[PDB]
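Colleague: Residue numbers (the deposited numbering): 290 to 367.
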Amino acid sequence: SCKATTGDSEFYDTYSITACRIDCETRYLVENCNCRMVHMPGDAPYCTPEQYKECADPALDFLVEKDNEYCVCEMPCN
């Protein structure tokens, strides 16, 4: 069951990683920010916008600098 919504790459298996980065941030945000994003699926309690954007700003700018490789994923099942 290592499939996904085909229709992204011709050879490269990025479609599989595209999902990793998603769940990767979901844990990074909920970790300290303890809040999900507007694009994030139903899970954590939606926090106010004032704090959501105020926390998301540094959250991403932080994980993007530090969590550069940590947010790496491997190709799908072959």
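Each residue gets a CB set at the ideal place from its N, CA and C atoms; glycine is no exception.
1. In the structure shown, what three-state DSSP assignment does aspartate 312 receive?
2. Do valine 319 and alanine 333 have their beta-carbon atoms positioned less than 8 angstroms apart in this structure?
3. Which word fits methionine 364, buried or exposed, when buried means at least 16 other C-beta atoms lie within 10 angstroms of its C-beta?
4. Between the stretch 296-308 and the stretch 332-347, can you find at least three pairs of beta-carbon atoms closer than 8 angstroms?
5. May I ask you to report which of helix, strand or coil DSSP gives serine 290?
6. Between which two residues does the alpha helix (DSSP H) carrying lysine 342 extend?
7. For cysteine 313, tell me which candidate among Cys360, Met329 and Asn367 has the shortest Cα-Cα distance.
Modeller: According to the data block:
1. helix
2. yes
3. exposed
4. no
5. Of the three classes helix, strand and coil, the one that applies to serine 290 here is coil, per DSSP.
6. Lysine 342 -> alpha helix (DSSP H) spans 338-352.
7. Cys360
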